[PDB]
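Report on one structure; see the data block that follows.
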Amino acid sequence: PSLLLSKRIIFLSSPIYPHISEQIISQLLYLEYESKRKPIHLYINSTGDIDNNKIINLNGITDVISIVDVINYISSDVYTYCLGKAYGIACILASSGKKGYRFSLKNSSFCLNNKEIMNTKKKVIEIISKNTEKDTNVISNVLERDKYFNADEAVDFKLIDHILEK
Amino acid sequence: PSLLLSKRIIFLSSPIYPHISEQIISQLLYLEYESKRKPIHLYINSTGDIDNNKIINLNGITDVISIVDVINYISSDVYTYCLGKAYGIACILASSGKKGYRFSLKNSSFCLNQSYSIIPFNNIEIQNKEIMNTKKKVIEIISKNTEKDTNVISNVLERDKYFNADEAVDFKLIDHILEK
Amino acid sequence: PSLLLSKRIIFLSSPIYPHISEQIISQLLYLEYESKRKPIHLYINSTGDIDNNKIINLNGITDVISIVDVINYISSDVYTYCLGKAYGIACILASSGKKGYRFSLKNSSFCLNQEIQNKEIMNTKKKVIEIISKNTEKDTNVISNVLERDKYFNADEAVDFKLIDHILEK
Amino acid sequence: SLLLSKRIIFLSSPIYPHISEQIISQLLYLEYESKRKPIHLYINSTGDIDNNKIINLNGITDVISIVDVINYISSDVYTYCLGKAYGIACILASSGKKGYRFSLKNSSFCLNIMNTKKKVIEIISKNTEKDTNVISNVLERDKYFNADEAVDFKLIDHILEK
Amino acid sequence: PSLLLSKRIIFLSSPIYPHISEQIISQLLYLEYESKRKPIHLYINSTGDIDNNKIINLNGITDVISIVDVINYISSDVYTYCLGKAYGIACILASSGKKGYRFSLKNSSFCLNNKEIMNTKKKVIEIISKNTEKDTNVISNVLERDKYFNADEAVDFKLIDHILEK
Amino acid sequence: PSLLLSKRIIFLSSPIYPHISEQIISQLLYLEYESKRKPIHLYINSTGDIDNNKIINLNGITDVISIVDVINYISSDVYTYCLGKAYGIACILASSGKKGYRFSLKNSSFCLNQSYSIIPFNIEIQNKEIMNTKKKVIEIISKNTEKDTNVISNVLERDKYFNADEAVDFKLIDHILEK
Amino acid sequence: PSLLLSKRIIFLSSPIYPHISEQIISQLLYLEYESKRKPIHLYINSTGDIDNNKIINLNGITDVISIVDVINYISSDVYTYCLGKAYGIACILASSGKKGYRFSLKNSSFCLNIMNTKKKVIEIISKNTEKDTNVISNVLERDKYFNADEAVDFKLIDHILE
């Protein structure tokens with residue numbers, strides 16, 4: 001029953017390792033069953049599925065997809081706050097928060113990075129599209145190149161809604 | 001006394017290792033004795049008895065069978081929710097929830113069947129007799145669950161078959177897909 | 001003070017290792033002292049004193065005997081429920097529950113197994129026959145015969161032999 | 001712990017060095033909690049040997065300390081033998097309040113420097129209401145009792161059923 | 001739920017290792033959600049990202065920056081107290097406390113030490129500037145040389161506000 | 001905050017290892033600050049600084065001395081009860097309880113040891129520390145047993161063992177406990 | 001939230017290792033925030049930064065200095081009690097308690113043993129013992145041991161407890 005949980009806070013402070021998806025989902029389910037429409041605050045500082053240029057989760061995509069799915073299943077709105085970084089699947093995750101409720105701090109940085117590969121790669125494009133309110137085509141183009149955003153850049157691209165200053 | 005339990009939630013987030021069956025059953029028995037007809041919510045994201053192409057439970061079938069049997073024994077209805085995946089014995093498990101109460105999310109994936117029944121050169125051999133008995137009980141469970149004849153099921157199991165949510169709903173492994 | 005205990009449930013999910021008898025007895029004593037006449041629910045899925053063909057308890061018989069003795073000493077009735085298996089001493093244990101209160105699920109399986117260091121070793125093999133007899137309401141002779149061969153039961157078989165009373169369904 | 005709350009002490013193991021400390025601490029605690037309320041000491045133990053190996057070199061002196069405290073406190077101690085009381089465990093079982101020493105049907109019992117060997121004879125004697133001589137004789141040979149045998153020898157008072 | 005936390009105290013007694021930023025942030029978030037405008041007391045004795053002349057955090061700068069950002073995000077005022085030392089990123093941290101509420105003891109000591117490395121080095125200059133009320137130029141000049149302060153020196157430079165006594 | 005502590009009981013069941021002095025003192029301080037004049041019950045069954053004939057504390061003397069000092073500092077009276085044994089420093093400790101309140105059971109045994117200091121491998125002029133130490137221990141036993149420093153230093157030349165009654169006559173103990 | 005802490009007691013029973021300073025300070029801060037002007041009791045038995053002739057803290061001086069600084073910062077008075085020994089930085093620490101409230105037991109022993117730092121330590125001892133910086137720097141040239149009474153005359157301590 002940890003502390004932050006009591007405040008309806010979930011803080012992802014690490015790369016998303018295999019066991020992380022399990023934890024985040026358990027916490028969402030728990031919070032949802034505790035109070036039905038109370039908001040949940042998901043704080044994110046993460047490099048996604050890579051750490052020091054090494055892939056630390058081979059399931060990263062499918063894992064993040066599970067999270068967003070649950071995020072969409074529950075009645076409680078999830079707000080997101082990017083503290084340091086949201087890269088790769090962390091960025092996908094950050095942008096899946098309730099529209100209008102996706103936040104970042106001033107200095108935050110963002111990045112976007114056999115019918116299994118196919119079905120999966122399609123679902124992620126589809127998620128980013130709905131999130132950023134763009135066509136599937138323009139997104140699949142953006143993904144061809146590694147693209148980094150700063151807070152303001154991210155707000156224009158519609159990954160984020162507001163910047164929290166002072 | 002964990003959290004999720006207080007809410008009558010059981011969340012299977014891993015492959016089903018030997019110790020997992022014991023946990024799930026303990027939790028079902030506990031919940032049943034706590035409140036007699038209150039529903040129980042079983043959330044499932046699992047690859048069954050395999051992890052990274054390695055069998056992590058040699059008892060997987062008989063284990064899952066034990067769970068379903070208790071699920072059928074208790075008075076509390078068990079609802080099931082597939083969150084990422086239910087493969088192999090996890091699929092059998094997901095589909096054993098109360099009919100009309102078996103759920104999945106949009107992107108969930110399902111898969112049938114099995115395994116290696118692997119018999120090491122330690123050995124009994126009454127053994128392997130229980131495997132005929134066992135392979136029959138699982139067909140029988142899937143049949144009752146999906147409302148199909150034992151024959152058509154034994155055919156479906158000859159080939160590894162993957163479902164998406166909608167596919168799984170037509171095959172009658174699942175009842176509803178959850179949205180907001 | 002675990003959970004299931006709070007509900008008067010004892011769940012034996014393993015082979016019966018040396019430390020298991022101690023646990024089950026402590027729990028029985030505890031529950032008895034907590035509420036005198038309230039029933040106790042003993043759930044059993046176990047292969048007894050063997051695991052993967054290896055004997056994991058050299059004391060298994062005497063140990064189970066101690067359990068049943070306490071089971072008979074306390075005022076609280078003990079109900080038994082077999083969930084996967086009761087083999088060997090686990091079967092002896094399952095059948096020692098209150099008559100009419102010994103339960104099994106549909107797919108459960110049961111099995112019964114075969115100086116002064118003699119005059120009392122003999123003493124043990126006799127007590128076990130005597131227990132099965134009282135449990136299954138059969139004569140000491142018929143039982144000692146049944147024990148000459150490894151005999152497996154399914155639920156219904158076990159009910160006829162009077163190891164069990166009822167089979168549970170919804 | 002649990003069992004303590006009920007004034008139960010359960011010795012389920014051989015008596016290792018650290019066991020004497022525990023039993024005494026629990027007796028003291030229970031005595032200070034409620035002065036004349038009974039204490040229930042359940043015993044299933046092989047004493048100072050485990051799988052034919054001596055696991056306590058202090059076993060005798062240790063058990064003696066226990067009985068001494070048992071005699072010091074005002075709370076009566078009842079004893080219940082559940083599987084076995086062998087060696088020092090038997091000495092221990094028999095030191096419970098007379099009329100309050102119990103055993104189950106299938107329980108088994110066994111009896112196994114100069115100043116010390118004398119105190120142990122003296123304890124068994126007082127317990128079983130026998131002369132120091134007849135006891136020192138009984139100790140020359142390893143002697144095993146069943147419940148009924150133990151009741152006649154006056155190590156135990158009653159056998160529990162119901 | 002530790003002790004000092006109950007008193008709204010956060011005590012950084014070590015170099016700032018990778019896991020330290022996570023802890024400090026978690027604690028700020030927690031305290032903020034517990035009582036909105038109640039002050040938070042951040043005690044600092046630290047050598048920053050170096051320990052025995054070895055860098056113990058390769059992320060030290062970006063990490064401290066995350067901290068100050070949250071410090072600026074939350075409504076609760078953070079007071080700072082330097083107890084032995086604030087060096088490097090610890091000094092940057094100490095000085096980011098609410099103006100007028102930045103404290104030190106008598107014998108305390110202070111020290112200041114592509115699109116990425118450049119962007120970062122700029123944000124750190126920008127933070128010190130705002131903190132010490134000086135122009136970006138004069139700060140970048142001070143940073144060319146390792147400069148040590150004692151309490152009084154630090155108060156004049158406007159890293160600190162008051163020196164504590166009895 | 002363990003159990004026995006709640007009852008103002010301190011039970012030394014072992015040889016006195018280095019960490020034991022710290023525990024006993026902590027407990028005395030705690031009990032003293034909890035209730036100012038309420039008695040404290042110190043139960044002792046111990047072989048002192050030796051176990052199996054091996055010295056398990058090189059600081060044993062100075063350690064026990066620290067305890068007795070605190071025992072004399074606090075306002076709460078300390079009663080002592082010897083259960084099995086008090087040997088060496090444990091005997092010194094048992095006898096330091098409040099006069100009239102030092103107890104033993106019938107079968108308890110006591111011993112005083114030709115006290116000693118132990119030397120390392122590897123400083124210097126700790127002579128002031130050792131001669132000084134052997135003297136403080138004689139001084140404590142004397143005050144406790146109401147005897148002159150001379151007669152005590154003699155008794156210490158030979159290992160002497162007492163039974164309960166012997167210990168009561170020597171004035172190490174006050175009373176023997178019975179039913 | 002340990003026990004002694006509940007009674008506003010801090011007990012330093014060891015050499016002062018690197019992690020010790022952190023603990024003592026945390027405890028002071030905690031006690032200060034708990035009750036503002038209630039006294040704090042710091043019991044000291046310690047050899048300072050050396051153990052068995054080996055330096056166990058390379059930061060010992062600066063560490064103790066931090067402690068005394070906090071001791072002077074907080075409103076709660078700190079009393080000190082030397083049980084066995086205060087050597088080196090432990091002695092500096094013992095003497096920093098509130099004047100009139102620095103205590104020792106009968107048998108306690110005391111001992112006193114980069115440019116900026118060595119100066120601050122002289123300055124602290126001076127204020128504590130009410131002596132001039134010069135006479136102190138002289139005393140430090142030689143290792144000097146005190147007994148309780150000696151320490152009271154030198155004004156490291158106020159009273160001896162009996």
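The way I read the labels, and the way they are meant: chains A, B, ... in the order of the structure tokens, residue 1 as the first residue of every chain, and ligand 1 as the first ligand shown, with later ones counted on from there.
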TODO: Can you check which residues of chain E DSSP gives as alpha helix (DSSP H) on the backbone and send them as a ChimeraX atom specification?
DONE: /E:18-34,60-73,89-94,117-132,136-142,151-156
Leaving out region 89-98 of chain A and any residue of its chain fewer than 2 positions from it, which residues lie within 9 Å of it when counting only C-alpha atoms, given as a tab-separated table (two decimals) with N, CA and C atoms, in the first residue's frame?
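Full text of out14.tsv as output:
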chain	number	residue	atom	x	y	z
A	15	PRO	N	13.41	2.74	-16.93
A	15	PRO	CA	13.09	2.17	-18.24
A	15	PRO	C	11.94	1.22	-18.03
A	16	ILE	N	11.22	0.85	-19.07
A	16	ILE	CA	10.10	-0.03	-18.80
A	16	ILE	C	10.56	-1.47	-18.96
A	42	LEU	N	-0.34	9.92	-13.40
A	42	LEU	CA	0.78	9.11	-13.87
A	42	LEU	C	1.97	9.98	-14.21
A	43	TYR	N	3.00	9.94	-13.38
A	43	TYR	CA	4.20	10.73	-13.61
A	43	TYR	C	5.22	9.89	-14.35
A	44	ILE	N	5.83	10.46	-15.38
A	44	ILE	CA	6.70	9.68	-16.25
A	44	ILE	C	8.06	10.33	-16.44
A	45	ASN	N	9.11	9.66	-15.99
A	45	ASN	CA	10.46	9.97	-16.47
A	45	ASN	C	11.15	8.67	-16.90
A	46	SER	N	11.23	8.44	-18.20
A	46	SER	CA	11.65	7.14	-18.71
A	46	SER	C	12.22	7.15	-20.13
A	47	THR	N	13.17	6.25	-20.37
A	47	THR	CA	13.78	6.08	-21.69
A	47	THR	C	13.09	5.00	-22.53
A	48	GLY	N	11.97	4.49	-22.04
A	48	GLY	CA	11.26	3.41	-22.70
A	48	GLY	C	11.88	2.04	-22.53
A	49	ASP	N	12.07	1.34	-23.64
A	49	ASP	CA	12.60	-0.02	-23.62
A	49	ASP	C	14.11	-0.10	-23.82
A	60	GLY	N	8.54	-4.59	-25.15
A	60	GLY	CA	8.18	-3.22	-24.83
A	60	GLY	C	6.93	-2.70	-25.52
A	61	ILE	N	6.88	-2.81	-26.85
A	61	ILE	CA	5.70	-2.36	-27.57
A	61	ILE	C	4.42	-3.01	-27.04
A	63	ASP	N	3.74	-4.48	-24.50
A	63	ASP	CA	3.53	-4.14	-23.09
A	63	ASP	C	2.86	-2.78	-22.93
A	64	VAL	N	3.42	-1.77	-23.58
A	64	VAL	CA	2.87	-0.43	-23.49
A	64	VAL	C	1.45	-0.44	-24.03
A	65	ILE	N	1.24	-1.20	-25.10
A	65	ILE	CA	-0.09	-1.29	-25.70
A	65	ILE	C	-1.12	-1.82	-24.71
A	67	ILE	N	-0.99	-1.45	-21.47
A	67	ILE	CA	-1.24	-0.37	-20.52
A	67	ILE	C	-2.28	0.62	-21.06
A	68	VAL	N	-2.06	1.10	-22.27
A	68	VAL	CA	-2.94	2.11	-22.85
A	68	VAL	C	-4.34	1.54	-22.97
A	71	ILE	N	-5.84	1.74	-19.69
A	71	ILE	CA	-6.07	3.16	-19.49
A	71	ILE	C	-7.37	3.59	-20.16
A	72	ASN	N	-7.65	3.00	-21.31
A	72	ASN	CA	-8.89	3.31	-22.03
A	72	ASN	C	-10.10	2.55	-21.49
A	77	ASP	N	-10.18	8.96	-15.19
A	77	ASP	CA	-9.31	9.63	-16.16
A	77	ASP	C	-7.87	9.55	-15.66
A	78	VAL	N	-6.94	9.33	-16.57
A	78	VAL	CA	-5.54	9.32	-16.21
A	78	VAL	C	-4.90	10.57	-16.75
A	79	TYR	N	-4.31	11.36	-15.87
A	79	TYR	CA	-3.53	12.50	-16.29
A	79	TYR	C	-2.08	12.05	-16.40
A	80	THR	N	-1.32	12.66	-17.30
A	80	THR	CA	0.11	12.35	-17.41
A	80	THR	C	0.99	13.57	-17.23
A	81	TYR	N	2.14	13.36	-16.59
A	81	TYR	CA	3.09	14.42	-16.33
A	81	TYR	C	4.45	13.89	-16.69
A	82	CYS	N	5.09	14.49	-17.68
A	82	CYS	CA	6.44	14.10	-18.02
A	82	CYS	C	7.42	14.95	-17.22
A	85	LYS	N	11.97	12.84	-19.03
A	85	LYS	CA	12.02	12.33	-20.39
A	85	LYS	C	10.91	11.33	-20.62
A	86	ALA	N	10.35	11.33	-21.82
A	86	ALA	CA	9.57	10.21	-22.26
A	86	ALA	C	10.05	9.82	-23.65
A	87	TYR	N	10.77	8.71	-23.75
A	87	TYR	CA	11.32	8.28	-25.03
A	87	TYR	C	10.66	6.99	-25.46
A	100	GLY	N	-6.16	17.12	-22.81
A	100	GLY	CA	-6.28	18.33	-22.02
A	100	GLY	C	-5.56	18.18	-20.71
A	101	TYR	N	-5.40	16.93	-20.31
A	101	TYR	CA	-4.67	16.57	-19.10
A	101	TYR	C	-3.27	16.00	-19.24
A	102	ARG	N	-2.71	16.08	-20.43
A	102	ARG	CA	-1.33	15.66	-20.64
A	102	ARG	C	-0.34	16.80	-20.41
A	103	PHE	N	0.53	16.64	-19.41
A	103	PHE	CA	1.40	17.73	-18.97
A	103	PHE	C	2.88	17.44	-19.14
A	110	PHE	N	11.09	14.73	-25.36
A	110	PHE	CA	10.31	13.62	-25.90
A	110	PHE	C	10.94	13.03	-27.15
A	111	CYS	N	10.64	11.76	-27.40
A	111	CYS	CA	11.14	11.09	-28.59
A	111	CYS	C	10.21	9.98	-29.06
A	112	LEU	N	10.08	9.83	-30.37
A	112	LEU	CA	9.39	8.69	-30.95
A	112	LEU	C	10.40	7.87	-31.75
A	113	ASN	N	10.33	6.55	-31.62
A	113	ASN	CA	11.34	5.67	-32.20
A	113	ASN	C	10.80	4.73	-33.25
A	124	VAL	N	0.48	0.57	-33.03
A	124	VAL	CA	1.21	1.67	-32.42
A	124	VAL	C	1.06	2.95	-33.23
A	127	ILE	N	-2.28	4.25	-32.49
A	127	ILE	CA	-2.38	4.89	-31.19
A	127	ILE	C	-1.81	6.30	-31.25
A	128	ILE	N	-0.60	6.45	-31.76
A	128	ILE	CA	-0.01	7.78	-31.90
A	128	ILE	C	-0.92	8.72	-32.70
A	130	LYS	N	-4.31	8.68	-33.14
A	130	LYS	CA	-5.45	9.11	-32.35
A	130	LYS	C	-5.00	10.13	-31.30
A	131	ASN	N	-3.83	9.90	-30.72
A	131	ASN	CA	-3.31	10.76	-29.67
A	131	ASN	C	-2.97	12.15	-30.15
A	132	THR	N	-2.24	12.21	-31.26
A	132	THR	CA	-1.76	13.48	-31.82
A	132	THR	C	-2.71	14.07	-32.85
A	158	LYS	N	1.04	18.09	-30.67
A	158	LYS	CA	-0.10	17.55	-29.95
A	158	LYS	C	0.16	16.21	-29.23
A	159	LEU	N	1.40	15.97	-28.83
A	159	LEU	CA	1.70	14.88	-27.90
A	159	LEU	C	1.32	15.30	-26.48
A	160	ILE	N	1.43	16.60	-26.23
A	160	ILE	CA	1.19	17.18	-24.92
A	160	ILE	C	0.15	18.28	-25.04
Write down, as an mmCIF file with C-alpha atoms, in the first residue's frame, each residue of chain B that has any atom within 8 Å of an atom of chain C, counting only C-alpha atoms.
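Written output follows (part.cif):
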data_model
loop_
_atom_site.group_PDB
_atom_site.id
_atom_site.type_symbol
_atom_site.label_atom_id
_atom_site.label_comp_id
_atom_site.auth_asym_id
_atom_site.auth_seq_id
_atom_site.Cartn_x
_atom_site.Cartn_y
_atom_site.Cartn_z
ATOM 1 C CA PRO B 1 -3.655 -9.635 2.769
ATOM 2 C CA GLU B 22 -1.442 -22.784 -5.415
ATOM 3 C CA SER B 26 -5.815 -20.099 -2.121
ATOM 4 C CA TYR B 30 -10.322 -17.192 0.691
ATOM 5 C CA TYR B 33 -15.228 -17.927 2.483
ATOM 6 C CA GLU B 34 -15.187 -14.140 2.897
ATOM 7 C CA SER B 66 -7.446 -27.915 -10.721
ATOM 8 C CA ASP B 69 -12.534 -27.302 -10.916
ATOM 9 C CA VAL B 70 -12.441 -25.028 -7.877
ATOM 10 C CA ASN B 72 -16.790 -24.554 -10.663
ATOM 11 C CA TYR B 73 -16.999 -25.658 -7.035
ATOM 12 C CA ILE B 74 -17.408 -22.261 -5.403
ATOM 13 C CA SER B 75 -20.650 -20.289 -5.322
ATOM 14 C CA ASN B 123 9.475 -43.706 -13.695
#
- [ ] Tell me, as a ChimeraX atom specification, which residues lie within 7 Å of residue 147 (chain D), counting only C-alpha atoms; anything in the same chain fewer than 4 positions away does not count.
- [x] /D:103,105-108,151
Write the selection just made, keeping N, CA and C atoms, as a tab-separated table (two decimals), in the first residue's frame?
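Saved to result32.tsv:
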chain	number	residue	atom	x	y	z
D	103	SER	N	-1.29	-36.76	27.57
D	103	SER	CA	-0.75	-37.34	26.35
D	103	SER	C	-1.88	-37.78	25.44
D	105	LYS	N	-3.24	-40.58	22.39
D	105	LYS	CA	-3.28	-42.04	22.41
D	105	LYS	C	-1.98	-42.67	21.93
D	106	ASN	N	-1.46	-42.17	20.82
D	106	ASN	CA	-0.32	-42.79	20.15
D	106	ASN	C	1.04	-42.21	20.53
D	107	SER	N	1.05	-41.31	21.51
D	107	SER	CA	2.30	-40.71	21.96
D	107	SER	C	3.29	-41.77	22.46
D	108	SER	N	4.58	-41.46	22.34
D	108	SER	CA	5.64	-42.32	22.83
D	108	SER	C	6.57	-41.55	23.77
D	151	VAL	N	1.53	-43.80	31.84
D	151	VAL	CA	0.58	-43.43	32.89
D	151	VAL	C	0.77	-44.28	34.14
- [ ] Excluding residue 76 (chain B) and any residue of its chain fewer than 4 positions from it, enumerate the residues within 7 Å of it, using only C-alpha atoms, and give them as a ChimeraX atom specification.
- [x] /B:32,36-40
Task: For CA of residue 92 (chain F) and CA of residue 161 (chain F), the interatomic separation in Å (one decimal) - done: 13.2 Å
- [ ] Report the distance between CA of residue 107 (chain B) and CA of residue 93 (chain B) in Å, rounded to one decimal place.
- [x] 18.5 Å
TODO: Tell me, as a list in words, which residues lie within 7 Å of region 75-80 of chain D, counting only C-alpha atoms; anything in the same chain fewer than 5 positions away does not count.
DONE: residues 31, 35, 36, 37, 38, 39, 40, 41, 42, 43, 70, 93, 96, 97, 100, 101, 102 and 103 of chain D
With N, CA and C atoms retained, write the just-selected residues as a PDB file, in the first residue's frame.
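out_30.pdb was written with the following content:
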ATOM      1  N   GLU D  31       3.843 -15.456  32.951  1.00  0.00           N
ATOM      2  CA  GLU D  31       3.698 -15.294  34.386  1.00  0.00           C
ATOM      3  C   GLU D  31       3.453 -13.827  34.730  1.00  0.00           C
ATOM      4  N   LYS D  35      -1.072 -13.705  36.651  1.00  0.00           N
ATOM      5  CA  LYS D  35      -0.307 -14.401  37.679  1.00  0.00           C
ATOM      6  C   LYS D  35      -0.685 -15.864  37.830  1.00  0.00           C
ATOM      7  N   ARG D  36      -1.948 -16.140  38.109  1.00  0.00           N
ATOM      8  CA  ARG D  36      -2.326 -17.535  38.341  1.00  0.00           C
ATOM      9  C   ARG D  36      -3.015 -18.312  37.204  1.00  0.00           C
ATOM     10  N   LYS D  37      -3.187 -17.670  36.052  1.00  0.00           N
ATOM     11  CA  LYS D  37      -3.718 -18.349  34.865  1.00  0.00           C
ATOM     12  C   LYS D  37      -2.773 -19.448  34.365  1.00  0.00           C
ATOM     13  N   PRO D  38      -3.336 -20.617  34.038  1.00  0.00           N
ATOM     14  CA  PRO D  38      -2.529 -21.769  33.618  1.00  0.00           C
ATOM     15  C   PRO D  38      -1.808 -21.525  32.309  1.00  0.00           C
ATOM     16  N   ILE D  39      -0.741 -22.284  32.102  1.00  0.00           N
ATOM     17  CA  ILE D  39       0.040 -22.203  30.886  1.00  0.00           C
ATOM     18  C   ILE D  39       0.044 -23.579  30.243  1.00  0.00           C
ATOM     19  N   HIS D  40      -0.168 -23.634  28.932  1.00  0.00           N
ATOM     20  CA  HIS D  40      -0.237 -24.915  28.242  1.00  0.00           C
ATOM     21  C   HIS D  40       0.982 -25.205  27.378  1.00  0.00           C
ATOM     22  N   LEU D  41       1.783 -26.167  27.831  1.00  0.00           N
ATOM     23  CA  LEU D  41       3.035 -26.529  27.167  1.00  0.00           C
ATOM     24  C   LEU D  41       2.848 -27.803  26.360  1.00  0.00           C
ATOM     25  N   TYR D  42       2.823 -27.667  25.042  1.00  0.00           N
ATOM     26  CA  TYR D  42       2.648 -28.815  24.164  1.00  0.00           C
ATOM     27  C   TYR D  42       4.012 -29.308  23.703  1.00  0.00           C
ATOM     28  N   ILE D  43       4.238 -30.608  23.800  1.00  0.00           N
ATOM     29  CA  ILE D  43       5.551 -31.144  23.513  1.00  0.00           C
ATOM     30  C   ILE D  43       5.536 -32.265  22.491  1.00  0.00           C
ATOM     31  N   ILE D  70       9.770 -23.376  35.950  1.00  0.00           N
ATOM     32  CA  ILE D  70       8.432 -23.946  35.993  1.00  0.00           C
ATOM     33  C   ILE D  70       7.976 -24.061  37.446  1.00  0.00           C
ATOM     34  N   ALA D  93       8.221 -33.107  30.007  1.00  0.00           N
ATOM     35  CA  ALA D  93       6.792 -33.412  29.992  1.00  0.00           C
ATOM     36  C   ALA D  93       6.306 -33.758  31.388  1.00  0.00           C
ATOM     37  N   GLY D  96       5.294 -31.108  34.482  1.00  0.00           N
ATOM     38  CA  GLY D  96       4.056 -30.355  34.552  1.00  0.00           C
ATOM     39  C   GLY D  96       3.317 -30.637  35.845  1.00  0.00           C
ATOM     40  N   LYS D  97       2.344 -29.785  36.170  1.00  0.00           N
ATOM     41  CA  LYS D  97       1.546 -29.933  37.391  1.00  0.00           C
ATOM     42  C   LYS D  97       0.903 -31.312  37.505  1.00  0.00           C
ATOM     43  N   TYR D 100      -2.287 -32.613  35.848  1.00  0.00           N
ATOM     44  CA  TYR D 100      -2.322 -31.893  34.574  1.00  0.00           C
ATOM     45  C   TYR D 100      -1.357 -32.316  33.464  1.00  0.00           C
ATOM     46  N   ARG D 101      -0.661 -33.435  33.649  1.00  0.00           N
ATOM     47  CA  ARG D 101       0.209 -33.944  32.595  1.00  0.00           C
ATOM     48  C   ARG D 101      -0.532 -34.877  31.623  1.00  0.00           C
ATOM     49  N   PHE D 102      -0.615 -34.481  30.358  1.00  0.00           N
ATOM     50  CA  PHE D 102      -1.448 -35.184  29.383  1.00  0.00           C
ATOM     51  C   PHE D 102      -0.668 -35.782  28.215  1.00  0.00           C
ATOM     52  N   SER D 103      -1.288 -36.760  27.568  1.00  0.00           N
ATOM     53  CA  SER D 103      -0.750 -37.341  26.348  1.00  0.00           C
ATOM     54  C   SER D 103      -1.879 -37.780  25.436  1.00  0.00           C
TER      55      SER D 103
END
Would you kindly return, as a compact mmCIF listing (two decimals) with N, CA and C atoms, in the first residue's frame, each protein, DNA or RNA residue with an atom no farther than 10 Å from any atom of residue 80 (chain B), considering only C-alpha atoms and excluding same-chain residues fewer than 5 positions away?
# COMPACT_ATOMS: atom_id res chain seq x y z
N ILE B 10 -8.12 -10.94 -8.57
CA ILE B 10 -6.97 -11.82 -8.71
C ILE B 10 -6.35 -11.51 -10.05
N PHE B 11 -5.06 -11.18 -10.06
CA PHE B 11 -4.41 -10.72 -11.27
C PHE B 11 -3.26 -11.63 -11.58
N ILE B 40 -16.04 -12.52 -8.25
CA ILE B 40 -14.60 -12.45 -8.16
C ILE B 40 -14.05 -12.07 -9.51
N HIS B 41 -13.09 -11.16 -9.55
CA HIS B 41 -12.59 -10.66 -10.83
C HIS B 41 -11.19 -11.15 -11.12
N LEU B 42 -11.09 -12.05 -12.09
CA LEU B 42 -9.83 -12.66 -12.45
C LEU B 42 -9.28 -12.01 -13.70
N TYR B 43 -8.21 -11.22 -13.54
CA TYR B 43 -7.58 -10.56 -14.67
C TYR B 43 -6.42 -11.40 -15.16
N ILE B 44 -6.34 -11.59 -16.47
CA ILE B 44 -5.35 -12.51 -17.03
C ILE B 44 -4.49 -11.89 -18.12
N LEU B 93 -8.07 -21.11 -19.16
CA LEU B 93 -8.47 -20.48 -17.91
C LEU B 93 -9.41 -19.32 -18.17
N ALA B 94 -9.04 -18.46 -19.11
CA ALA B 94 -9.85 -17.28 -19.38
C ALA B 94 -11.27 -17.67 -19.74
N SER B 95 -11.39 -18.70 -20.58
CA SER B 95 -12.69 -19.13 -21.08
C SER B 95 -13.54 -19.87 -20.06
N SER B 96 -12.97 -20.17 -18.90
CA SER B 96 -13.72 -20.89 -17.88
C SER B 96 -14.51 -19.97 -16.95
N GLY B 97 -14.42 -18.68 -17.18
CA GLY B 97 -15.21 -17.74 -16.42
C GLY B 97 -16.68 -17.88 -16.70
N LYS B 98 -17.51 -17.26 -15.88
CA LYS B 98 -18.96 -17.36 -16.01
C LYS B 98 -19.40 -16.89 -17.36
N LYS B 99 -20.25 -17.67 -18.02
CA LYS B 99 -20.71 -17.30 -19.36
C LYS B 99 -21.48 -16.01 -19.33
N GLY B 100 -21.08 -15.08 -20.19
CA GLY B 100 -21.62 -13.73 -20.23
C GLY B 100 -20.72 -12.75 -19.51
N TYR B 101 -19.93 -13.29 -18.59
CA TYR B 101 -18.91 -12.53 -17.87
C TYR B 101 -17.43 -12.67 -18.29
N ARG B 102 -17.18 -13.29 -19.42
CA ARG B 102 -15.81 -13.40 -19.93
C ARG B 102 -15.46 -12.22 -20.83
N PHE B 103 -14.47 -11.43 -20.42
CA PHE B 103 -14.16 -10.18 -21.10
C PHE B 103 -12.75 -10.13 -21.68
N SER B 104 -12.58 -9.25 -22.66
CA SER B 104 -11.26 -8.95 -23.21
C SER B 104 -11.18 -7.48 -23.60
N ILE B 174 -14.77 -15.95 -25.58
CA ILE B 174 -15.03 -14.71 -24.88
C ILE B 174 -16.47 -14.27 -25.16
N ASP B 175 -17.00 -13.42 -24.29
CA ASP B 175 -18.35 -12.90 -24.44
C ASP B 175 -18.36 -11.48 -24.97
